[PDB]
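Chains as they are written, first to last, in the UniProt record's numbering: chain W, 1542 to 2943, 2960 to 2968; chain H, 3459 to 3538; chain A, 3618 to 3658, 3669 to 4092.
We put the CB at the ideal spot given by N, CA and C, even for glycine.
As structure tokens, the structure follows; a few thoughts come after it.
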Amino acid sequence: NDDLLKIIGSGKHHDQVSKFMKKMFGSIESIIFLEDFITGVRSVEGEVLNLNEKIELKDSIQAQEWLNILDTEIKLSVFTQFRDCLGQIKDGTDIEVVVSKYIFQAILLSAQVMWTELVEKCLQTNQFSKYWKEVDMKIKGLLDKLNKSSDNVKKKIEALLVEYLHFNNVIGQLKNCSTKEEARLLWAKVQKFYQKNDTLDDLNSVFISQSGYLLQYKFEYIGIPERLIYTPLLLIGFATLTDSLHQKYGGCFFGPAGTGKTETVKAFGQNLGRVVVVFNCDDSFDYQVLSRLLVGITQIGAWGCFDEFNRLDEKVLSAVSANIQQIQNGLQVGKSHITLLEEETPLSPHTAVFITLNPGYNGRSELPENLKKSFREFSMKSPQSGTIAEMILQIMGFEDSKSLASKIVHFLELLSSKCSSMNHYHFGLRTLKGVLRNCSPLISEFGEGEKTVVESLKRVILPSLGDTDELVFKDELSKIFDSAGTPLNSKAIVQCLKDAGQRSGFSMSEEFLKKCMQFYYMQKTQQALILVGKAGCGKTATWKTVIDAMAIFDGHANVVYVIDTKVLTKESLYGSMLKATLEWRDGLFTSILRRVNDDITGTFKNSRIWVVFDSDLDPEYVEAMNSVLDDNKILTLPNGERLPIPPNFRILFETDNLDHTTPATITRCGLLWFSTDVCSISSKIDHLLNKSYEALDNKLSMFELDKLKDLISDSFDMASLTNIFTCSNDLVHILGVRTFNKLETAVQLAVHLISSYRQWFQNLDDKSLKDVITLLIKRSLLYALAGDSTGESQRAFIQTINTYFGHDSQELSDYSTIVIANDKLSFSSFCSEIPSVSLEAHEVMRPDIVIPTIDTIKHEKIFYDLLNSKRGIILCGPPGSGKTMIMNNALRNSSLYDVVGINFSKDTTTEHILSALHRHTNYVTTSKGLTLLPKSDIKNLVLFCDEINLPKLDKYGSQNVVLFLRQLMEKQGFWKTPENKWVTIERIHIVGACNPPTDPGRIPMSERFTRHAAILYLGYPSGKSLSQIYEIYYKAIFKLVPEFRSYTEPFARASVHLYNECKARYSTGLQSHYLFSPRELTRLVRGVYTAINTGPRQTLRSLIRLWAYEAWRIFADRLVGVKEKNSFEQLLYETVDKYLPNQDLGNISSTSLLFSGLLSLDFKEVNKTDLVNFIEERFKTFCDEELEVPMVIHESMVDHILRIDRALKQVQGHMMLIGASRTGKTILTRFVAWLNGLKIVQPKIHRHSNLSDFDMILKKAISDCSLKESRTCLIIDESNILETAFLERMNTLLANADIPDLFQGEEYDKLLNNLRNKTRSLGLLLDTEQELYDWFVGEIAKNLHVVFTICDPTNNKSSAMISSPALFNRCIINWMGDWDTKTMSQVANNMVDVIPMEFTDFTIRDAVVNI
Amino acid sequence: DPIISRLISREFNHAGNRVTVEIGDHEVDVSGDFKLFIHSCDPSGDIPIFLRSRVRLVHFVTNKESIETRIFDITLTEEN
Amino acid sequence: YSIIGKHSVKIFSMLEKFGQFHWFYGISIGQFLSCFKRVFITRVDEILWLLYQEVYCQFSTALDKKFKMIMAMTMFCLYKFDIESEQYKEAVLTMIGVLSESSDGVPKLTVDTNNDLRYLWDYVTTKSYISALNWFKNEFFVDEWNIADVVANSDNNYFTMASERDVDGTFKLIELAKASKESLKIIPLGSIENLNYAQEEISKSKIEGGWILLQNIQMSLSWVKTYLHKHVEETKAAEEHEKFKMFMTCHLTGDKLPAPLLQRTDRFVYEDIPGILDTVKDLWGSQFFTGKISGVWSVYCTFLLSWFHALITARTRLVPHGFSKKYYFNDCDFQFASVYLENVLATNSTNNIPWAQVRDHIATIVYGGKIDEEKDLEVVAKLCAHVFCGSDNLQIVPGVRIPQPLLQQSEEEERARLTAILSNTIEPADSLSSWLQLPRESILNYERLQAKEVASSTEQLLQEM
Ligand SMILES: Nc1ncnc2c1ncn2[C@@H]1O[C@H](COP(=O)(O)OP(=O)(O)OP(=O)(O)O)[C@@H](O)[C@H]1O
Ligand SMILES: Nc1ncnc2c1ncn2[C@@H]1O[C@H](COP(=O)(O)OP(=O)(O)O)[C@@H](O)[C@H]1O
Ligand SMILES: Nc1ncnc2c1ncn2[C@@H]1O[C@H](COP(=O)(O)OP(=O)(O)O)[C@@H](O)[C@H]1O
Ligand SMILES: [Mg+2]
């Protein structure tokens, strides 16, 4: 309708219609005028057709009328140009003459008719040889004419070459036949184009024979479309299509995509002078448009092909399928008018319908039942390769195309049979199409010979082979064809490569030069390159080295864009369009093209542009740019453009695996398989040392540097390290990284430790100097090979180091230290010296408190040494092992570094990282790195990313958040996600903590990221250091009860024994939440203090019960069932008897010891009867005031109320309740909250709740807690966590004390403003932006209380709650999972308290309850 | 949806004459003439644990076990 | 009755599970009860066995030959496991385990103890499979119902027979009507005219009382869910209407019918497979109804095709050993081949030698069109090699020799002569190996596999209850 209306409206003008013709014709693009007259038309291909009669145009003419004349004349014009040409060649005129003056369609048809007639007669005579050479000459004639041609007519010659090759091929096959019968079989199968010189109706004069059947050429213009190369298989498709059509049946071929079933339908139409309309089905395609199109086809008598029919929706597909039957049933019968879409429309018998059927998930799709008896199904197969090889060789400039095609196929076939079975190996025809395509530029250098074939083989086949198969290639290449001894461009490139590496730092190894050479030779031909290998192969070195070497050799500048593919979304990278305003915004990959295409203001024309994708590559991303990888060399927008890419513009891909990618994607690109690392262990260190020396040159004098480099050279030789690196493998490596990728970690540490003691190197003894060096080198070499080891392994590796280093050289000790005087020169090595800490009662629990041990100082030192190197640190180990504390305290002490904690969860986004950072970081446009992201204050920043092996990965399996950090560690900046440019981060450091990846929940991380990190395995300590540590903790808290100062050590020893036993008795083998750590101890130690600091003077009997209650709440509340719960009761008994032997104890079961501050002004042990009665007076009240709910108060409930009470009382109160269903876990929480004076917030979520809604519910409860000082209790149920994100928000609220995402940007400024109002109100000004938010956070931490109610932890959704580390660690876990038999009887009693019943046999009430 | 939830668990906020219940946000008056029933078709579809526990679960399904009961009636009409 | 009762659930549970596997294999509880009621019009022991017999006789008809046999083996284990000894149970399970490839061992031999069971082991040990599979049916001692018998017993006006694409019971139904109650009305569901005429002839025939058939409903299905779904549900007055019977034809392999509609209507699986020679005779048979339009020499080619088609279709059944997968060749494929044959005689000389491109076109376009596996494509070809090239005497099958048109050149003589060669031949015992060139060894391998399928599925079904 729309386009139709424009044509009728634009009639006055006429000229405006040309745009719409391209659609309603398919062949033509625009119409040519003299304005009064139509001189001709042009095809979409570029070809100009002139009409016989130029159609005159006037005011009193309809669009209808004039266009209808055009259609008639356009077909007549084709007959004219056909007979004109055919007659010419009959009168022996050379085809080179004809080309220049006749449209391709016409000359094509003429050739076919004359060819066919000349071969028809050749079958009688058998004069094949003489016609053959004659045609072979026309072939060469057309080939040399192509090289001297205008690009437009260059298409016409090439299109005709498709045909003339087919001509000679058929004659050749005919020459070869054993007999005349053999020749007449072959001929029947071919498409024979005949003419009637007997009858009139000339548009009906040309007809075609195949397989005994005829098909009248309809005259319609086709333009000059790229013609399908003739294969036997092609002819067979043509043969079935004619056999179907002859009986008035539809053609249908099913087969794999990329078999060109529609191409065939297209081609077979063209061969008979028809433009077949292709319906690409299901591509947002309306039924109403197709119902239109169908009527159009049945009237115009056109050919319709349904391109991948299968992909249509059941509703559509029924409707379409039914319609098609009408048409095919109408034709089969020949009914003049047929009814479809409930309308009587007439049917041309020229009409035909074709259905291509791509396979579904099951296998090959099917026709609906109705269509089965109306169509004829055929199986498209890829062509046997030999045949396509020969033709492709023939077009380019043959030499002997027959033998090259034999030889190429045999070789590729032989490779497959002889090489190893490797995943990325393809010796499929795609590969020979590629070897052949690569050949064209190659011919330009050498010849149309086998030798150019040979070079193409080794250009494509070799770079993708791995060393074993690399000789299989050489052996069978020389076996099949031996071409040339030496290569051109052998010296000149090589010196341009070596000079680039000498400057880069690199060593020219056999392999680095090889893989450098393989690359150089590929960029030439291939525009897209793939580099695959082990992480740290040298791939970024090889390409960065070759690229650099070409600016020396050609003189052409390079402009490199390294993009981590998978850090950004497809929208962020390719082009994202926004729902409502449909605003087209650039993205990342398209915006950097616009510099080259749209605005080459500087030199981009003489420059080389290279766009590298470092990250793991997947289908979804390559599919969005498949068009650039195609012969097209153009980028297709999701909406609104194709952007052309120049020959300058190369795409690289560096990656570690290919498992995800398609063989189709590979064979468009050039693959460079890195079989091994480019260069020697030594050679790596060599480069690395020098690179490290350079850092120092900007903070160290030449005299200092010259002397320090002299030291390094004579302290360590390669012969030593060789065995040390060998022995490194004979060791158990947690978070394993290969030996080679450990080297940067070694040398960087070694250089830093030596440059540390540089002043002491001026005066010190030359024997003694060597020993200082050797010790630091022995140390740095240890942590870089064995730092991620057990340390039980480290100790054993220390001796391994000592062994292989020179015998005289200073040996390494477990706690080895170097000692020097502060103000006066001294030397000597003495070890293991520890400060003594005194802290008071209140100091006992503090977010920043660490008791120095033999190991705390040992760890803090090494961790800090790595930062000075500025290497990323990965701390691996179990929970409570002190990764967080060791890291935090080493840095909260120093003025240099400033810490920011980011806590990672199962699904963390890369913007979460950025939002958290936005409070502590400041964008400034300094000319040094364009945009920079340094820290908001002048001194260094450290991002501590906790649980780095927790975030999940793409459906393919790639964690972007990890790759983002990898980007930061390797690249040093990153691409801005919305604004789309490069920001280089200044002085920001990455440190991460993680659990072993053998632990459940844990995700394995990419060696491409972990290669940049020094890895430190921290375990648990001693069971004897722990006892020492918490003694000092009891010492501190017993400053409140000095009368029991004697009792601090047996208390600390008891606490640790209970720990050791619980951890051993109740492990993750029994229950997943059975996870104990020194965190519990510190909870117990503090839990004891709190009862003391707010309790009556404590007797020895009090204190042990006070300790016992805390031990119960910290270790046993989480325990399930009764067998384990009773086990702990006896354990607690067993422990007191071994460490605190007294006769004053009572019943130590949790039921009998009840501690509360609800009755008492102090936290004191209260009476069972006193408590029950206090609850009963308060529950009435809570029943009346709040929600009206009847319950029975029973022994368990009182015990449970106190559990929640202690939880909701602590500053940071997190408790998760596991209560099955009906236990009342939700009611008791509401009650204890109401007793403590907490506002009960319970997210009113529902089926139709968004994340934003829950965001709201959180945000409010947060804002009321700081800006209104609310003291709210937030009850979150398993039902409340609707999506995964909801729970992720809950984590951020626990592991950190704020949700950074909620308050960002403007909402940050509004909060920032409101915050200053309340801060002033309370009576303090806070100076910096950081100082105000730190109060806001600290206020949340003490006013917000999150209580979780999950019913079945067996459920996979409720599993995720417990799983989440943030929730599990910062919560008090409690178990209400079942009702005890005693509590069942107790409840039942109070319910049968009303007595309808009368005395019975036997108690009566007691008996009923027992049943 | 979660919101009905207070209507399922018998929770209410008392007045002299009026009895109110919280749904989503709005507090609405409960009649006393009001009755509630929940209907489902497929035992394949799982109802949330909160509901399942406060709700009186009743199966109106003609089972395989239905055949056992119905065959004895048919046997005994033809036997005694 | 609990003892009776417990058996009937495991029975119904088994029949129920067939419906999970395949859509056409439904059973309702009322079907089971109506069946159990029939059983009436140590007494508890007899009534039990009367059930298992009656269940077999009624519900067997609506399953295909594979499921008939799985139901037999399973039902036999459901009965004899409860009734007979535990000595029995492991002996028969050990034998079902040899028939499946689960295990192979020799059962309990007790002279005179068990003879029926000793007789089964003889079948399994003789590697004779189909006989061992049937033993479970026979052991029920029931006279197994013909579609006819089903129809006579049934008093419903509706029927749906599904069938494999290999056959159509359209012609069974013709002889079923003609032998009693006449009134045969075939209604093709093709295009809008057919559906439109169809729904007219439906409403009129029920009042009239004539039989009606709705050929190949699956294809016209969108209409079924709209018109037939309402129409058959509404027509409880069809019970009130004159003795009339409507039939519907399905294909098991193919689009799924609505369960509610299917359950309303009685179900049969036409499993009835014709001989090679009989299909030759059925093919050649119709070709005389045309009159005379083609010359004498063509009649020969048409006879050749009749053999060829009857040989490929027979080979279709035997997979894997035969064709790689199940391929279906139609009357449409015969038509396109005959079309090309008339044409090659119309375009060529009466010299016999046009034969080379007759092979290619028949083996690569006409029949090889569907075929996708190269392995199978060579089979079609090697058969065209045999059927199509040949001088004077062909010997299509070992008995029969096909002689080329005689100098007399009579087309009426030749029809009579080529019909005579059919009437003289008797299709041998071992036809599937002797006539389809493939060896006997392969046939047995096929026999073994279908044994394996029934024995596996029964093991699985027993453990499941
Ligand atoms: N010729 C050479 N001599 C010495 N060292 C070399 C040589 N070539 C490469 N290297 C070392 O190998 C490293 C090359 O790193 P590169 O980024 O190329 O590897 P990669 O496989 O791309 O790693 P990733 O995949 O993680 O980015 C350099 O750090 C360098 O120390
Ligand atoms: N040597 C120590 N000095 C002080 N506290 C310690 C020590 N060892 C363990 N802890 C306690 O254990 C907890 C350490 O847990 P953390 O390091 O956060 O676990 P992880 O790092 O495994 O996540 C702290 O709360 C602290 O009280
Ligand atoms: N001590 C008790 N006395 C009486 N009823 C109880 C008791 N504990 C739980 N219930 C019943 O079980 C249900 C659970 O209430 P709730 O407090 O929400 O626990 P949950 O969160 O486990 O459902 C309530 O409807 C209540 O009737
Ligand atoms: Mg890199």
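For this session: Give the secondary structure of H2228/W by DSSP, where H, G and I count as helix, E and B as strand, and everything else as coil.
Result: helix
For this session: Report all residues from its chain with a CB closer than 8 Å to the CB of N2688/W; omit the five preceding and five following residues, and keep chain order.
Result: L2694
Problem set entry | beta strand (DSSP E) segment containing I2781/W, residue limits | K2780 to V2782
For this session: Using only the heavy atoms of ligand 3, determine whether one of them is closer than 7 Å to the beta carbon of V3682/A.
Result: no
Exercise. Does the Cβ of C2372/W have 16 or more other Cβ atoms within 10 Å, making it buried, or fewer, making it exposed?
Worked result: exposed
Problem set entry | Under 9 Å from the C-beta of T1880/W: neighbouring residues of chain A | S3818, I3819 and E3820
Exercise. At a cut-off of 7 Å, is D2089/W close to ligand 1 when judged by its beta-carbon and the heavy atoms of the ligand?
Worked result: no
For this session: Sort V2292/W, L2272/W, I2359/W and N2363/W by Cα distance to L2326/W and report the nearest one.
Result: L2272/W
Exercise. Quick one: is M3846/A near chain W, going by C-beta distance under 8 Å?
Worked result: yes
Exercise. DSSP three-state call for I4029/A: helix, strand or coil?
Worked result: coil
Problem set entry | For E4000/A and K1992/W, the rounded distance between their alpha carbons | 37 Å
Exercise. From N2304/W, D2307/W and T2286/W, pick the residue whose C-alpha is nearest to that of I2318/W; which is it?
Worked result: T2286/W
Problem set entry | Chain-ordered chain A contacts of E1722/W [CB-CB under 8 Å] | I3980 and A3983
For this session: Please list, in chain order, all residues of the same chain as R2528/W whose beta carbon is under 8 Å from its beta carbon, the five residues on each side excluded.
Result: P2475, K2476, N2481 and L2482
Exercise. With respect to 7 Å, is the separation between the Cβ of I2392/W and the closest non-hydrogen atom of ligand 2 below this value?
Worked result: yes
Exercise. For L2212/W versus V2108/W, is the C-beta spacing smaller than 8 Å?
Worked result: no
Problem set entry | alpha helix (DSSP H) runs contained entirely in the stretch 2764-2846 of chain W, provided each spans 4 or more residues | 2766-2776, 2792-2807 and 2825-2836
For this session: Below 8 Å between beta carbons is the criterion; list the residues of the stretch 2731-2758 of chain W that meet it against any residue of chain D, in chain order.
Result: As a matter of chain content, chain D is missing from the structure shown, whose protein chains are W, H and A.
For this session: Please list the partners that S3502/H has in chain A, where partner means a Cβ-to-Cβ separation under 8 Å.
Result: Per Cβ cutoff of 8 Å: no residues; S3502/H is ~13 Å from chain A at best.
Exercise. What residue range is occupied by the uninterrupted alpha helix (DSSP H) comprising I1630/W?
Worked result: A1604 to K1631
Exercise. Curious, which full-length alpha helix (DSSP H) runs of at least 4 residues does the stretch 2042-2082 of chain W contain?
Worked result: 2051-2066
Problem set entry | Contacts that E3485/H makes with chain A (C-beta to C-beta distance below 8 Å) | Near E3485/H there are no residues of chain A at all, since even the closest Cβ is about 46 Å away, more than 8 Å.
For this session: Going by DSSP, name the residue or residues bridged to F1847/W.
Result: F1820/W and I1896/W
For this session: Note down, in chain order, each residue of its chain lying with its Cβ closer than 6 Å to the Cβ of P2004/W, except the 5 sequence neighbours on either side.
Result: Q2059 and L2213
Exercise. If you follow the alpha helix (DSSP H) that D2008/W is part of, which residue opens it and which one closes it?
Worked result: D2008 to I2021
For this session: List the DSSP bridge partners of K1733/W.
Result: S1750/W
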